[PDB]
Amino acid sequence: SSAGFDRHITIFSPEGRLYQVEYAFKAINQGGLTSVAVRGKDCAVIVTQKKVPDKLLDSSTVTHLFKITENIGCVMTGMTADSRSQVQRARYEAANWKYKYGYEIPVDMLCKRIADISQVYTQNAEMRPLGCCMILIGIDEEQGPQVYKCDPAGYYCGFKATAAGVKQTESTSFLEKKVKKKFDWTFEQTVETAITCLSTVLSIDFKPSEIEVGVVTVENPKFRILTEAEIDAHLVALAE
Amino acid sequence: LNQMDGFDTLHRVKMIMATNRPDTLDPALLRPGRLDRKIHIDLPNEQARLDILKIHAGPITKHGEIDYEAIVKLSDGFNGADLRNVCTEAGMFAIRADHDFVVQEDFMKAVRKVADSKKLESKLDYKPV
Amino acid sequence: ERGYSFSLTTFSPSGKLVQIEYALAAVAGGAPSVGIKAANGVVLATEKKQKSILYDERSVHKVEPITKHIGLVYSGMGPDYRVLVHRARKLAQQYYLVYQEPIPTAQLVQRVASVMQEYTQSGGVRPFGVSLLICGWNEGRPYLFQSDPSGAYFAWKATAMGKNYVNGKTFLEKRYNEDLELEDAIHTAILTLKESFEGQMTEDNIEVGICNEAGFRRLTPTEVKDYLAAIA
Amino acid sequence: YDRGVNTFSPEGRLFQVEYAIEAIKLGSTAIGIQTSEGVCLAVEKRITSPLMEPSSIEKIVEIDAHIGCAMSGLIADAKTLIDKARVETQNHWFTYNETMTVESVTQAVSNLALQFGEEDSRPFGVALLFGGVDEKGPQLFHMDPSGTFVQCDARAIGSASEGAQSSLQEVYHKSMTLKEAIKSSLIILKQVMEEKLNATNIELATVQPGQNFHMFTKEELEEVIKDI
Amino acid sequence: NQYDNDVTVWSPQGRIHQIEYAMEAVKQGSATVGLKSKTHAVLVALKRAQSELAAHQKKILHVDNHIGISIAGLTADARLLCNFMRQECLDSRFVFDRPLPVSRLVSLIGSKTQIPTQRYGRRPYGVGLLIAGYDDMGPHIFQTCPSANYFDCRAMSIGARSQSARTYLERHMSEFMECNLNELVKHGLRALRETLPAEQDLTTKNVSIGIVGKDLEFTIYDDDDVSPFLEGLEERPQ
Amino acid sequence: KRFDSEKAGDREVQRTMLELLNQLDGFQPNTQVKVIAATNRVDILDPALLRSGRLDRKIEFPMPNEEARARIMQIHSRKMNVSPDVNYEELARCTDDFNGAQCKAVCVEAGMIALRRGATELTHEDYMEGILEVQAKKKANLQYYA
Amino acid sequence: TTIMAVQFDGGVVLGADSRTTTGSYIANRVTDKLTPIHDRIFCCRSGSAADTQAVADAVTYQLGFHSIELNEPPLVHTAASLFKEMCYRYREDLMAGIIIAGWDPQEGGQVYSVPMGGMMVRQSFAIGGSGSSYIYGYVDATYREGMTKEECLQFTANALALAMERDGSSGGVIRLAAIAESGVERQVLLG
Amino acid sequence: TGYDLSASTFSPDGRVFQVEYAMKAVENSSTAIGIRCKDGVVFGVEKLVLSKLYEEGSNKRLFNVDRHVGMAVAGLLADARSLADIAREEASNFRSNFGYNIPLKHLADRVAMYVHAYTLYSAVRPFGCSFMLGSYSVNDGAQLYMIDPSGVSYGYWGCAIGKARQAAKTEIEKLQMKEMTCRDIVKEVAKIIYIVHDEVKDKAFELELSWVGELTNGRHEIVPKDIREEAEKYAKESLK
């Protein structure tokens, strides 16, 4: 069901499909990574693991969690360089928000802008669709915590607990069962789930060094990266 | 297919089936009744890789020093076959060193390198379901 | 870019436009939506359903009002949709700055129609996969218009975009008619969007925007479950 | 294999340029001669019908006072090179109040020979021969589409180029005299023409240090015909 | 072979065939050998002509008082990069009022030749450049390539069967750093004379020679200028 | 193995290949009589071919090196009469992208024009000659590069 | 108008007047010349107010973005460097009463001066504005090396008080800014 | 079929082969490794002698980008020199607007952004270069970064480029990162480079050692090979 250059460029197939973006959404899984986002009542938690093949690797350089603004954290997926370019575009555009409007960006409109930029990336036939995916958090006025996910289809969306990537499709199926029921959410409840879902998906049950936990809350509104110590505290806390 | 569509009681007979790709098998075989269960092999976890490495380290005489977590850290995404061929590659590389008992440093060298050659020839291991 | 800029859309042996046909197919695969223009004003009723109960419908809207008197819905692909919506949003303003007056529905469809037209023929870029249904109330008489990937436009008392739009189109042909009040238009719009809807319908499974001659209004899930409870 | 028109051959070199070298093989043939007395050049017009007006064909126009030139193959492609070269010489006369040497016009063309490309258009398919008198006297030059230049003594182009260069290097020497080279050249010309020789078939391009300009005219030519 | 279309494409082995075919464009030029001693630097080039009366086409061309160059390949890019070369010379020669150190100059050659080696619908330059010059550290003999990677040598050669000239180079080229200009020049033509098939000279007008020295300004030498250099030669064996 | 139905006309043949993988899988006795395989291109393969009983030691065979090229070519010319002046260095460097088989072709051409020359013994100009003969191809003309 | 910046051991101290007027008319009874560019770096401005606000907002932009990229606190010399750049660039167009000071994690308290010409220099203390004219001579001999934070606060209060007493432009009330590792502390004094 | 041509194009596997080809083309270059000690960073390069061919001390892949920052590159040489102009000018810009030494992280991030930016378009080609980057400061310490033709910028204590890579970085685990001083890592890397790369693969070669850190007071240059001359002394005796 394909004719012409449509597999090499961005146009519509006999059925209306375009192969580039569906090659991108599977161009995310090359990283072999796992992205987990959970939102609590007053807090929002991000957790991601990493792979350390060499002892020459610096644990501080391969960290996959990036702080865009004081109150705004983020996590990427897919290939790396695309993620970095996305990250400087993000930080850049936030700073332009503060310069133009003088107040802090809600970060939702940031997903809108980054999304539209991804659409411009899908449009031109002589440019590459840039298949990295983006997930964000933050705090807004009377909205509590929020989560949003920008994908390289030129769109954004954000929910309670969301995960996208290699093994994340089943982690949503575990998730919806964990979220409801009626489950209410504390901070250590959403951290604990942040470990569990990845566990039952992987079941490696391992050192706290490989995972990286990003967090935001309305107590300290600023984004924060957790130290391995307190992480291990939650780790022996979830093991009873 | 019509002998699994019986007209007959197949309770007493068992059937086990193995193939590369569960794609061309047609919906008739993919349909329960005829084929009730579906089970796959997956790439062994470093736990199971550890274990099969243990049982493959048994028959081979080794030097007093043995550390399996070296090979477990280094070997990732191999088949169980590729792992036992990695052990045999260690020993048959160690026939050059002519030592009877062989250190796991030679195993780290030959296992690591030749194993990564297997991973350069590992092209297109990604199969349907 | 590289300055190649050659229009990738040529004429078929019969003269038809391949990529525009395929974009029309992508719209046909869009979400089921409807709109009805009758009596007091226009009523637009779309369908937004979550692929998973994790999704939160309080976040993104399918209905994005251009001005207090003019709304808008769509079918097809949101990525393009949001884009051209930002475009028209910006575009009504220049008209305002000039005349200091709300831009008429007809004129919106004119200028956006031209943007989409040139956007087909533009250099080395696909057309949109979106077909818009625009509502508006001006000069006492409301209006309902429809766009297409090629930029052409029409006018309807009621219509549909998305899957089954021919079927539900014929349903709207017989049942809907004349001019009837917002309550009636909403009723039959919930019937016809209830046709292709899933087994369950909730306040968050759909969205209903209304164009009064007092001005456009976006209804909340509160009123959505109020009138539809008691569905149809 | 349609590739970028700028692509080298596997052997190799530019495709379209090496083909433009073949583009001249079919054009009108001409023969110039450099001799201490002066440069004499000659071409065959290759006329078809009585419709064809004989004076409307010129393969030779005098670029400057002391510089003549000949062409080959395509014509209106050469017109631009000719005119713009006249501009270059005249600007040389602007700055330096002298005569731009015959040798500097050469590179003043062949330096802009290949500018063609798409971004940042088609190469020229016309060969040229430069006659003229600088401070060292008579100079006959030869250039190609690719811009490669070499100075000759008696050079041929066109369809007859090969055998005319053979029989030419057969009949040449450095002690030549002007009319001797003229008639010796039109000997080869009347061996390489299909129609009988007349006043219309050819035109002569002649330049000498003090004999000028000249250029050349018919009815001198009409005498040189029967002078054979 | 469709992946050899333009420069942009990386081959399945990772080698752009455009630059390779440009190298093969360089190998067709007439052989020339540049060389230097601990003091003086010399380059020698052999002309080739189209016919008898057609002038033997020159190679060695002067650039700046302290820097001359040899050449092979397209005459177009030769005169072009030569003009850009005059520019570069009068640049520092203008602002700084000093000559140009060869090193940074040739890196400027690499930067100028770099961009066409990548952008879509562009070509490299067919180049047989051999550069000789004197900064405060004395002699230099460089060489270029269409890939824009330059080498610094005591003696190098390009063109047809110029590796045979190197097979003459290896032996005596430890001695080339010692002797003065004259016998160094006859060492040079002893390097070029094997690029000819053994049945023909090596005459006067068919060869071009250039020398530059520490206190000696770069000068081209041809015909009567090389007649002293061509005399006192022993003929090759049979 | 192609991809999907229909049809692989070799599906029976490659099926027999997977039967060789059964003789290497469900049955051990093939532990005797080692079977060696060779392929000019590794492009298409049964990805299951990776194993010690299956394809194990896998070696890329590169282009020979100028040392090895002049060595093996010297092994092809070692029987023939050669005038004792050959660099093997000159032509070893003159071997670029050559296959060792094209070094054989260099020898074979050396004998070929060695015939028409009438010379009873092979010479170096003959070597470089045959080199030019087989590689690289032809022809165009000498021009524009001066 | 009048501004004062002094570095003590653990950091720096800033203060300035409030009253900013145009000609004879009293425009704003209270106006703050200390602009919190970043948490640890302030600046005190004079001259045309719009130019100072615009430049300060622009270096707040570029600076904040740069430090967010650094993932590290910015340097005082880096903050003044951009003011030097933009000032010297437009030095024909604008006016610079800008003096910059702040505490740094690496170097502690530092002060930098940017006059109208666009040059940048670091001093033990800085002064600017039209009111400083009469206070040069007093503040020069009144100064003493090795000032603790208190002696700095009382010092600057005296200097600014005399300034606002004599010159007509400097007037209104006095705002003080104490910047150290413990964080920024401000207040407003009279008497 | 056509999916290998343009870097703008995806592939049925969701990646670009232009980057693969370019990558494995860098693998053909001579092995050049690097390592960082506690007081600095030790660069090392193996330059091959092919025929004679020409004068020693030419076209060395060791470059100097800044007063404290330099290059050790591998792969296509011209594009690497071009990247040396790039980073050179970038450090000139940081010096221009700010006036102190560029933190290595941002420099490598900019070069990574360019290298990434040339992988998205069929106008240019993916870069045929991969290089080592290292720097030292007292307010920073000894940092090393490794950049790939795809544009991923991270860091190591040591890394390996060129043909011999994994077998070369293997025994580098014996070199201790902190404990070992840099003057000793000179002869260490000397023994790695001399001991690796068997002499039959390339009949003759040489060793180049560049160095930056505390011993030279931040200045990055070649720790002179005639200084200490410890390679040959030790490396010749180290074959047994």
# chains A, B, ... in the order shown; residues from 1 in each chain; ligands from 1
call {"tool": "residues_around", "arguments": {"residues": "residue 49 of chain A", "least_positions_apart": "5", "cutoff": "8 Å", "atoms": "only C-alpha atoms", "output": "number ranges by chain"}}
result
A: 33-35, 210-212
call {"tool": "residues_around", "arguments": {"residues": "segment 156-173 of chain H", "least_positions_apart": "4", "cutoff": "8 Å", "atoms": "only C-alpha atoms", "output": "ChimeraX atom specification"}}
result
/A:55-58 /B:109,113 /H:26-37,74-75,130-132,143-146,177,192-193,196-197
call {"tool": "atom_distance", "arguments": {"atom1": "atom CA of residue 32 of chain C", "atom2": "atom CA of residue 128 of chain C"}}
result
17.8 Å
call {"tool": "closest_atom_pairs", "arguments": {"of": "chain F", "to": "chain D", "cutoff": "10 Å", "atoms": "only C-alpha atoms", "output": "Markdown table"}}
result
| residue | atom | partner | partner_atom | distance |
| --- | --- | --- | --- | --- |
| F:136 | CA | D:11 | CA | 7.6 |
| F:137 | CA | D:11 | CA | 7.9 |
| F:138 | CA | D:11 | CA | 7.0 |
| F:139 | CA | D:11 | CA | 7.5 |
| F:140 | CA | D:11 | CA | 7.9 |
| F:141 | CA | D:12 | CA | 9.8 |
| F:143 | CA | D:148 | CA | 8.7 |
| F:144 | CA | D:148 | CA | 5.6 |
| F:145 | CA | D:148 | CA | 8.3 |
| F:146 | CA | D:148 | CA | 8.7 |
call {"tool": "interface_residues", "arguments": {"of": "chain F", "to": "chain B", "cutoff": "12 Å", "atoms": "only C-alpha atoms", "output": "PyMOL selection string"}}
result
chain F and resi 1-8+11+15+18-19+21-22+24-26+42-60
call {"tool": "closest_residue", "arguments": {"among": "G:47, G:36, G:109, G:131", "to": "residue 7 of chain G", "atoms": "only C-alpha atoms"}}
result
G:109
call {"tool": "interface_residues", "arguments": {"of": "chain C", "to": "chain A", "cutoff": "10 Å", "atoms": "only C-alpha atoms", "output": "ChimeraX atom specification"}}
result
/C:1-5,8,18-29,52-60,77-83,86,123-129
call {"tool": "closest_residue", "arguments": {"among": "A:199, A:94, A:4, A:32", "to": "residue 77 of chain B", "atoms": "only C-alpha atoms"}}
result
A:32
call {"tool": "interface_residues", "arguments": {"of": "chain A", "to": "chain G", "cutoff": "7 Å", "atoms": "only C-alpha atoms", "output": "VMD selection string"}}
result
chain A and resid 69 92 95 99
call {"tool": "residues_around", "arguments": {"residues": "segment 47-53 of chain H", "least_positions_apart": "2", "cutoff": "9 Å", "atoms": "only C-alpha atoms", "output": "ChimeraX atom specification"}}
result
/E:151,153,155-156,170 /F:93 /H:30-32,45,55-56,60-61,202-208
call {"tool": "select_by_dssp", "arguments": {"residues": "segment 49-180 of chain C", "states": "helix (DSSP H, G or I)", "output": "MDAnalysis selection string"}}
result
chainID C and resid 78:99 105:121 165:174
call {"tool": "write_last_selection", "arguments": {"atoms": "N, CA and C atoms", "output": "compact mmCIF listing (two decimals), in the first residue's frame"}}
result
# COMPACT_ATOMS: atom_id res chain seq x y z
N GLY C 78 -5.03 16.26 14.82
CA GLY C 78 -4.76 17.38 15.69
C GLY C 78 -3.46 18.12 15.47
N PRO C 79 -2.34 17.42 15.21
CA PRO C 79 -1.08 18.16 15.01
C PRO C 79 -1.20 19.28 14.00
N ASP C 80 -1.71 18.97 12.82
CA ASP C 80 -1.99 20.01 11.83
C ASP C 80 -3.06 20.96 12.35
N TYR C 81 -4.08 20.42 13.02
CA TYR C 81 -5.24 21.22 13.40
C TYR C 81 -4.82 22.40 14.27
N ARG C 82 -4.11 22.10 15.36
CA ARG C 82 -3.63 23.13 16.27
C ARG C 82 -2.82 24.19 15.55
N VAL C 83 -2.01 23.77 14.58
CA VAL C 83 -1.20 24.68 13.79
C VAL C 83 -2.10 25.67 13.07
N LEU C 84 -2.93 25.17 12.15
CA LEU C 84 -3.76 26.09 11.37
C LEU C 84 -4.72 26.89 12.25
N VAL C 85 -5.04 26.38 13.43
CA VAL C 85 -5.86 27.15 14.36
C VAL C 85 -5.08 28.33 14.91
N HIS C 86 -3.84 28.09 15.33
CA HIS C 86 -2.99 29.22 15.73
C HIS C 86 -2.90 30.23 14.60
N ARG C 87 -2.80 29.74 13.37
CA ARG C 87 -2.69 30.62 12.21
C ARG C 87 -3.92 31.51 12.07
N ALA C 88 -5.11 30.91 12.07
CA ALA C 88 -6.33 31.69 11.90
C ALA C 88 -6.56 32.62 13.09
N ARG C 89 -6.28 32.13 14.29
CA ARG C 89 -6.30 32.96 15.49
C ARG C 89 -5.52 34.24 15.28
N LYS C 90 -4.25 34.12 14.85
CA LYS C 90 -3.45 35.30 14.54
C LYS C 90 -4.07 36.12 13.42
N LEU C 91 -4.73 35.46 12.47
CA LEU C 91 -5.12 36.12 11.24
C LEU C 91 -6.33 37.04 11.43
N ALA C 92 -7.30 36.62 12.25
CA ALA C 92 -8.46 37.47 12.51
C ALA C 92 -8.06 38.83 13.07
N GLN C 93 -6.92 38.88 13.75
CA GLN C 93 -6.49 40.11 14.41
C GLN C 93 -6.21 41.21 13.40
N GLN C 94 -5.39 40.94 12.38
CA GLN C 94 -5.08 41.98 11.40
C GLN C 94 -6.35 42.62 10.87
N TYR C 95 -7.34 41.79 10.55
CA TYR C 95 -8.66 42.31 10.19
C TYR C 95 -9.20 43.21 11.29
N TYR C 96 -9.03 42.82 12.55
CA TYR C 96 -9.52 43.67 13.64
C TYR C 96 -8.80 45.01 13.68
N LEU C 97 -7.47 44.98 13.81
CA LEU C 97 -6.62 46.17 13.79
C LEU C 97 -7.01 47.14 12.68
N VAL C 98 -7.42 46.61 11.53
CA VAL C 98 -7.78 47.50 10.43
C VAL C 98 -9.13 48.17 10.69
N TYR C 99 -10.15 47.36 10.97
CA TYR C 99 -11.52 47.85 11.03
C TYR C 99 -12.03 48.04 12.46
N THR C 105 -17.57 35.53 9.55
CA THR C 105 -17.35 34.11 9.29
C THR C 105 -16.91 33.87 7.85
N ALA C 106 -17.68 34.42 6.91
CA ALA C 106 -17.35 34.30 5.50
C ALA C 106 -15.91 34.74 5.23
N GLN C 107 -15.49 35.85 5.84
CA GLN C 107 -14.15 36.35 5.55
C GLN C 107 -13.08 35.46 6.16
N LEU C 108 -13.33 34.93 7.36
CA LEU C 108 -12.43 33.94 7.94
C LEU C 108 -12.22 32.78 6.98
N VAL C 109 -13.32 32.14 6.58
CA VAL C 109 -13.23 31.02 5.65
C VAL C 109 -12.52 31.43 4.37
N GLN C 110 -12.69 32.68 3.95
CA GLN C 110 -12.00 33.16 2.76
C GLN C 110 -10.49 33.08 2.96
N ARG C 111 -9.99 33.76 4.00
CA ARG C 111 -8.55 33.90 4.16
C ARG C 111 -7.89 32.58 4.54
N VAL C 112 -8.52 31.82 5.44
CA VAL C 112 -8.00 30.50 5.80
C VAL C 112 -8.06 29.56 4.61
N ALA C 113 -9.14 29.65 3.83
CA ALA C 113 -9.24 28.89 2.59
C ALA C 113 -8.07 29.19 1.66
N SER C 114 -7.66 30.46 1.57
CA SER C 114 -6.52 30.80 0.72
C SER C 114 -5.22 30.27 1.31
N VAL C 115 -5.07 30.35 2.64
CA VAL C 115 -3.87 29.82 3.28
C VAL C 115 -3.72 28.34 2.98
N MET C 116 -4.82 27.60 3.08
CA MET C 116 -4.79 26.17 2.81
C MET C 116 -4.56 25.89 1.33
N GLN C 117 -5.18 26.69 0.47
CA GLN C 117 -4.98 26.56 -0.97
C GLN C 117 -3.51 26.68 -1.33
N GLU C 118 -2.91 27.84 -1.04
CA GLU C 118 -1.49 28.01 -1.34
C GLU C 118 -0.66 26.96 -0.62
N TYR C 119 -1.14 26.51 0.54
CA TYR C 119 -0.40 25.51 1.29
C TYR C 119 -0.33 24.18 0.56
N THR C 120 -1.34 23.84 -0.24
CA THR C 120 -1.23 22.67 -1.11
C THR C 120 -0.11 22.87 -2.13
N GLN C 121 -0.23 23.91 -2.95
CA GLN C 121 0.72 24.20 -4.02
C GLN C 121 2.08 24.66 -3.50
N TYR C 165 -19.56 9.56 7.92
CA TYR C 165 -20.16 10.88 7.70
C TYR C 165 -21.18 10.86 6.58
N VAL C 166 -21.12 9.88 5.69
CA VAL C 166 -22.17 9.72 4.68
C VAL C 166 -23.43 9.17 5.32
N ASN C 167 -23.28 8.14 6.16
CA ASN C 167 -24.41 7.52 6.84
C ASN C 167 -25.09 8.56 7.72
N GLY C 168 -24.37 9.06 8.73
CA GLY C 168 -24.91 10.12 9.57
C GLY C 168 -25.30 11.36 8.80
N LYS C 169 -24.69 11.57 7.64
CA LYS C 169 -25.12 12.65 6.76
C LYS C 169 -26.55 12.42 6.28
N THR C 170 -26.85 11.20 5.86
CA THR C 170 -28.21 10.88 5.42
C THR C 170 -29.17 10.87 6.59
N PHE C 171 -28.70 10.46 7.77
CA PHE C 171 -29.53 10.58 8.96
C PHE C 171 -29.90 12.03 9.23
N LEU C 172 -28.93 12.94 9.09
CA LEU C 172 -29.21 14.35 9.30
C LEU C 172 -30.08 14.91 8.19
N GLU C 173 -30.00 14.32 7.00
CA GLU C 173 -30.86 14.73 5.90
C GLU C 173 -32.33 14.55 6.27
N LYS C 174 -32.71 13.34 6.64
CA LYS C 174 -34.10 13.05 6.98
C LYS C 174 -34.51 13.72 8.29
call {"tool": "residues_around", "arguments": {"residues": "segment 56-65 of chain B", "least_positions_apart": "6", "cutoff": "6 Å", "atoms": "only C-alpha atoms", "output": "PyMOL selection string"}}
result
chain B and resi 101-103
call {"tool": "residues_around", "arguments": {"residues": "residue 51 of chain E", "least_positions_apart": "4", "cutoff": "9 Å", "atoms": "only C-alpha atoms", "output": "list in words"}}
result
residues 152, 165 and 169 of chain D; 55 and 56 of chain E
call {"tool": "write_last_selection", "arguments": {"atoms": "N, CA, C and O atoms", "output": "short mmCIF file (atom, residue, chain, number, x, y, z; two decimals), in the first residue's frame"}}
result
data_model
loop_
_atom_site.label_atom_id
_atom_site.label_comp_id
_atom_site.auth_asym_id
_atom_site.auth_seq_id
_atom_site.Cartn_x
_atom_site.Cartn_y
_atom_site.Cartn_z
N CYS D 152 49.03 28.15 -29.82
CA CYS D 152 49.37 27.39 -31.01
C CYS D 152 50.06 28.29 -32.02
O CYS D 152 50.19 29.51 -31.84
N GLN D 165 44.63 19.43 -39.11
CA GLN D 165 45.84 19.59 -38.30
C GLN D 165 46.96 18.69 -38.80
O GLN D 165 48.13 19.06 -38.73
N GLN D 169 50.20 20.64 -40.04
CA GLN D 169 51.55 20.38 -39.55
C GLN D 169 52.43 19.77 -40.62
O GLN D 169 53.66 19.76 -40.48
N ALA E 55 52.09 24.81 -27.92
CA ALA E 55 53.07 25.03 -26.86
C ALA E 55 52.95 23.98 -25.77
O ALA E 55 51.84 23.62 -25.35
N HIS E 56 54.10 23.48 -25.31
CA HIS E 56 54.11 22.62 -24.13
C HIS E 56 53.46 23.35 -22.97
O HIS E 56 53.89 24.44 -22.59
#
call {"tool": "select_by_dssp", "arguments": {"residues": "segment 95-202 of chain A", "states": "strand (DSSP E)", "output": "list in words"}}
result
residues 134, 135, 136, 137, 138, 139, 140, 144, 145, 146, 147, 148, 149, 150, 151, 155, 156 and 157 of chain A
call {"tool": "write_last_selection", "arguments": {"atoms": "N, CA and C atoms", "output": "compact mmCIF listing (two decimals), in the first residue's frame"}}
result
# COMPACT_ATOMS: atom_id res chain seq x y z
N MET A 134 9.49 13.33 24.53
CA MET A 134 9.73 14.27 25.62
C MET A 134 8.60 14.20 26.63
N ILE A 135 8.95 14.18 27.91
CA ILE A 135 8.00 14.17 29.02
C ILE A 135 8.41 15.26 30.00
N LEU A 136 7.42 15.94 30.58
CA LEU A 136 7.68 17.09 31.44
C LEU A 136 6.90 16.98 32.74
N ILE A 137 7.21 17.89 33.66
CA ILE A 137 6.43 18.07 34.88
C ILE A 137 6.42 19.55 35.22
N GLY A 138 5.96 19.88 36.41
CA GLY A 138 5.95 21.25 36.86
C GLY A 138 4.83 21.47 37.86
N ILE A 139 4.68 22.73 38.26
CA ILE A 139 3.66 23.14 39.22
C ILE A 139 2.97 24.38 38.66
N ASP A 140 1.65 24.44 38.82
CA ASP A 140 0.87 25.58 38.36
C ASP A 140 -0.07 26.02 39.47
N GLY A 144 -2.03 22.10 41.13
CA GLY A 144 -1.15 21.15 41.76
C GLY A 144 -0.03 20.76 40.83
N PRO A 145 0.35 19.49 40.86
CA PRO A 145 1.33 18.98 39.91
C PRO A 145 0.67 18.61 38.59
N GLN A 146 1.48 18.64 37.53
CA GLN A 146 1.03 18.24 36.21
C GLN A 146 2.11 17.41 35.54
N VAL A 147 1.69 16.62 34.56
CA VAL A 147 2.59 15.86 33.71
C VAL A 147 2.14 16.07 32.27
N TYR A 148 3.11 16.15 31.36
CA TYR A 148 2.81 16.26 29.94
C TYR A 148 3.86 15.52 29.13
N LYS A 149 3.43 14.99 27.99
CA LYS A 149 4.29 14.20 27.12
C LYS A 149 4.19 14.73 25.70
N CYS A 150 5.31 15.19 25.17
CA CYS A 150 5.40 15.67 23.80
C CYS A 150 6.06 14.60 22.94
N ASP A 151 5.37 14.17 21.89
CA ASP A 151 5.90 13.17 20.98
C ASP A 151 6.15 13.74 19.59
N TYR A 155 2.52 16.82 18.47
CA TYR A 155 1.43 16.95 19.42
C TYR A 155 1.94 16.75 20.84
N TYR A 156 1.11 17.17 21.78
CA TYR A 156 1.41 17.10 23.20
C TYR A 156 0.18 16.59 23.92
N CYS A 157 0.39 15.94 25.06
CA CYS A 157 -0.71 15.60 25.94
C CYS A 157 -0.13 15.18 27.29
call {"tool": "residues_around", "arguments": {"residues": "residue 135 of chain F", "least_positions_apart": "4", "cutoff": "12 Å", "atoms": "only C-alpha atoms", "output": "MDAnalysis selection string"}}
result
(chainID D and resid 10:11) or (chainID E and resid 24) or (chainID F and resid 94:99 102:103 105:106 109 128:131 139)
call {"tool": "write_last_selection", "arguments": {"atoms": "C-alpha atoms", "output": "mmCIF file, in the first residue's frame"}}
result
data_model
loop_
_atom_site.group_PDB
_atom_site.id
_atom_site.type_symbol
_atom_site.label_atom_id
_atom_site.label_comp_id
_atom_site.auth_asym_id
_atom_site.auth_seq_id
_atom_site.Cartn_x
_atom_site.Cartn_y
_atom_site.Cartn_z
ATOM 1 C CA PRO D 10 35.074 7.002 -12.400
ATOM 2 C CA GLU D 11 38.124 7.454 -14.665
ATOM 3 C CA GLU E 24 42.120 9.609 -10.194
ATOM 4 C CA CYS F 94 50.538 0.540 -7.340
ATOM 5 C CA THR F 95 48.089 -2.139 -6.141
ATOM 6 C CA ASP F 96 45.128 -0.113 -4.833
ATOM 7 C CA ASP F 97 41.713 -1.744 -4.261
ATOM 8 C CA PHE F 98 43.116 -4.775 -6.111
ATOM 9 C CA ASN F 99 41.951 -8.258 -5.330
ATOM 10 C CA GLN F 102 43.652 -9.210 -9.990
ATOM 11 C CA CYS F 103 47.297 -9.646 -9.007
ATOM 12 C CA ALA F 105 45.562 -11.178 -13.639
ATOM 13 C CA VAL F 106 48.595 -8.870 -13.468
ATOM 14 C CA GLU F 109 48.777 -10.181 -18.516
ATOM 15 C CA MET F 128 53.215 -1.922 -14.439
ATOM 16 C CA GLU F 129 51.852 -2.328 -17.970
ATOM 17 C CA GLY F 130 49.532 -5.205 -17.074
ATOM 18 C CA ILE F 131 48.555 -3.311 -13.925
ATOM 19 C CA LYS F 139 39.770 5.187 -21.589
#
call {"tool": "closest_atom_pairs", "arguments": {"of": "chain H", "to": "chain E", "cutoff": "6 Å", "atoms": "only C-alpha atoms", "output": "tab-separated table"}}
result
residue	atom	partner	partner_atom	distance
H:5	CA	E:9	CA	5.8
H:18	CA	E:10	CA	5.8
H:21	CA	E:14	CA	4.7
H:22	CA	E:14	CA	5.5
H:25	CA	E:14	CA	4.8
H:54	CA	E:153	CA	4.1
H:55	CA	E:153	CA	4.5
H:58	CA	E:152	CA	5.7
H:78	CA	E:149	CA	5.7
H:123	CA	E:120	CA	4.6
H:124	CA	E:119	CA	4.7
H:125	CA	E:8	CA	5.1
call {"tool": "decode", "arguments": {"residues": "segment 121-125 of chain F", "atoms": "C-alpha atoms", "output": "JSON list (two decimals), in the first residue's frame"}}
result
[["chain", "number", "residue", "atom", "x", "y", "z"],
["F", 121, "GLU", "CA", 61.96, -13.03, -19.82],
["F", 122, "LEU", "CA", 59.51, -10.90, -17.89],
["F", 123, "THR", "CA", 60.32, -7.27, -17.04],
["F", 124, "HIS", "CA", 59.04, -4.61, -14.65],
["F", 125, "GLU", "CA", 57.65, -2.30, -17.35]]
